[PDB]
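Listed next as structure tokens is one chain, alone, in the form deposited in one PDB entry.
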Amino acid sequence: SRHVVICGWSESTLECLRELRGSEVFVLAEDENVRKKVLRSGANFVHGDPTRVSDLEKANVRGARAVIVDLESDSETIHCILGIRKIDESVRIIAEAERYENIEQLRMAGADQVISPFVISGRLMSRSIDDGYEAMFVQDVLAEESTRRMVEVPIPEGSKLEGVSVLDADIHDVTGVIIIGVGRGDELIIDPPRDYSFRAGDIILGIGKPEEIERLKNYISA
């Protein structure tokens, strides 16, 4: 599988790096005094300005399967994105937005996915006044350390599930996996209606025990 490029160094990219152990990752960042922490976290380090195209080419963005961008300001992030788009117009770009008003400029510049940590945080804060169950849920399921995992399971060509409505699929009853969504391309249907019918290519977004996930994979197999 192809390498990932991470542009910029933050607490966010540190956590990303920790989740990307095993994959080949290149971190392109200005601050030299982090080289040791990047290598110790299982990534290659490339000193450079991620807003300069010359430096982006040092990280081989053309041959990257995705680029992750989180620079100190949204203005710097935007320039980085624009730099990437000058080299590879198609490569997948994930970017972090520091400010809500700047999200649309990030998509405009060419980001395929924008994450807004402070918007997520602020909304979780408001749902946490009485008890923190929602914040607990989000923080628990994303952590590949807990008993429940959030998974994306693709429906293979020729699946036993082609043309079967989610009601007929009865996935939670059969496999133990909760279906929270169905996605295809850039669209996600959360809590699909009973009458939606699966196609090969659809991605099931689910939550389950490790054992339940494997059951779902076998259930939807050809």
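Just so we're on the same page, rigid core means the largest C-alpha set that superposes within 1.5 Å between forms. In case it trips you up, residue 1 is the first one in the sequence shown, and so on.
Absent from the display: the form deposited in another entry. The rest refers to it.
With the core fitted between this form and the one not shown, just one of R85, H79, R107, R148 shows a Cα displacement of at least 2 Å, namely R148. After superposition on the rigid core, the Cα of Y133 moves by 2 Å or more between this form and the one not shown. With a cut-off of 2 Å and the rigid core superposed, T175 has a Cα displacement that reaches or exceeds the cut-off between this form and the one not shown. After superposing the rigid core, the C-alpha of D202 moves by less than 2 Å between this form and the one not shown. Legend note: Cα of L71 to Cα of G22 is at least 3 Å closer in that other deposited form than in the depicted form. Relative to the shown form, the Cα atoms of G22 and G8 move together by 3 Å or more in that other deposited form.
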